[PDB]
Each structure stands twice: as structure tokens, then as C-alpha cells.
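[1] this one is an experimental structure. Sequence first:
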Amino acid sequence: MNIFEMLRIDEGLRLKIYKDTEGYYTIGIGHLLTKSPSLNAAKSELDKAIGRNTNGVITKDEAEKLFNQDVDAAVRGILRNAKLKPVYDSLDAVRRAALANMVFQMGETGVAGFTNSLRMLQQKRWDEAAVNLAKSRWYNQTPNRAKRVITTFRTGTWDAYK
Ligand SMILES: [Cl-]
Ligand SMILES: [Cl-]
């Protein structure tokens with residue numbers, strides 16, 4: 001198991017523009033296109049992202065390319081974030097993947113806001129962090145996914161994905 005497979009499980013794969021859990025236009029493996037309510041706007045961002053006239057549809061290869069880019073950007077963003085980097089550096093490899101999963105879903109800004117949980121993770125207070133992570137909009141909106149990521153931080157294994 002690894003960050004790629006983990007996210008591929010959590011995000012799924014769709015070759016046509018679709019709307020995410022929040023109602024935003026998305027494509028591939030969780031690649032957010034825009035928050036704009038306009039499908040046209042989405043179509044435009046997609047073509048810009050792919051480099052061609054897609055007409056709202058992409059191939060598997062194309063989706064995978066966006067995916068590789070987004071994972072890289074996600075991790076690199078953590079390293080560039082002063083509040084996240086320390087946390088991430090303190091963690092073991094499995095747990096790093098958990099943090100990166102959160103960043104991928106909610107943005108660096110959103111995760112940096114989990115101040116108290118970050119502190120607990122940094123202190124390796126696993127059970128405590130898990131409880132605090134659950135007190136959030138994130139957990140209430142996407143509970144199954146949130147549970148998977150939380151268990152990963154709690155146990156340090158890939159069990160929830162197994
Ligand atoms: Cl892009
Ligand atoms: Cl969910």
C-alpha cells in the first residue's frame with residue numbers, strides 16, 4: 001500500500017466531469033477543477049489542465065497524469081508549509097501518507113487549521129489525536145473516509161485500507 005493506492009481508494013476514478021461531495025466540478029482521481037457553479041468554467045479549466053479540447057472527457061492516462069501532479073503538489077505543499085512541515089517530519093511513513101491524504105482532500109490551508117490535532121500528532125498522542133480529529137466538519141461530512149484516515153493515524157498501519 002502507498003499514498004497513490006490509498007488516495008485511489010478514497011477518491012475513485014471518473015473519466016467524465018462529475019461533482020464532488022461538496023458539489024464542485026471534478027475529474028479523474030479527485031482533481032478539483034473549479035468551485036464555480038459553471039460547467040463551462042469547469043470545461044475550460046479541464047482543457048487548460050490537459051492541453052487539449054476534451055469536451056469534458058479524459059482518458060485513463062490523462063487522469064493518472066493529473067493524479068501524479070496533484071500528489072506531488074500535495075506533499076511539496078506540506079514541506080513548504082511552516083505549520084505542517086514539522087508535523088510531517090516527525091511522523092513515520094504510514095502516518096505521513098495519512099497527513100498527505102488530508103492535504104490532498106482539503107488543502108494545506110484547511111489542514112493547517114487542525115492546530116490542536118497537529119500538536120497531538122507531533123507529540124505522538126495517537127488516541128488523543130484521533131478523538132480530536134473526529135470533532136470536525138470533515139469527519140461529519142465524509143465519515144467513512146475520515147474514519148479510514150483517522151485509524152491510520154491511530155495505528156500506524158494500513159489496516160483500514162485492507
Ligand atoms: Cl492543473
Ligand atoms: Cl465518506
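    Sure, I can see it. Numbering: from 1, shown residues only. Ligands and ions are numbered 1, 2, ... in the order given.

[2] switch to C-alpha atoms for all contacts and neighbour counts from now on
    Noted.

[3] which positions in the protein make contact with ligand 2?
    142, 143, 144, 145 (Cα under 5 Å from the ion).

[4] can you pick the most crowded of those?
    For the residues of the chain next to ligand 2, the largest number of neighbours (other Cα atoms under 10 Å) sits with residue 145, at 18 neighbours.

[5] surely it touches residue 10?
    Yes: in this structure, residue 145 sits in contact with residue 10. The criterion is Cα atoms under 8 Å, and the distance is 6.5 Å.

[6] starting at the chain centroid, how far to stretch 52-68?
    Centroid separation between stretch 52-68 and its chain, computed with Cα atoms, centre = their mean, to the nearest Å, is 18 Å.

[7] output it as PDB, nothing but the C-alphas.
    Once side chains and other backbone atoms are set aside, the C-alpha atoms of stretch 52-68 remain, and they are given as PDB (Å, rounded to 0.1, in the frame of the first residue of the first chain):
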ATOM      1  CA  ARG A  52      -6.400  19.900 -25.500                       C
ATOM      2  CA  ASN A  53     -10.100  20.100 -26.300                       C
ATOM      3  CA  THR A  54     -11.500  17.500 -24.100                       C
ATOM      4  CA  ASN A  55     -15.100  18.100 -24.200                       C
ATOM      5  CA  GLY A  56     -15.400  17.100 -20.500                       C
ATOM      6  CA  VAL A  57     -14.000  13.700 -21.100                       C
ATOM      7  CA  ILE A  58     -10.500  12.400 -20.500                       C
ATOM      8  CA  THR A  59      -8.600   9.100 -20.800                       C
ATOM      9  CA  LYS A  60      -7.100   7.000 -18.000                       C
ATOM     10  CA  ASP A  61      -3.600   8.000 -18.800                       C
ATOM     11  CA  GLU A  62      -4.600  11.700 -18.600                       C
ATOM     12  CA  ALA A  63      -6.300  11.100 -15.300                       C
ATOM     13  CA  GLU A  64      -3.200   9.400 -14.000                       C
ATOM     14  CA  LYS A  65      -1.100  12.300 -15.100                       C
ATOM     15  CA  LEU A  66      -3.200  14.900 -13.200                       C
ATOM     16  CA  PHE A  67      -3.100  12.500 -10.300                       C
ATOM     17  CA  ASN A  68       0.800  12.300 -10.200                       C
END
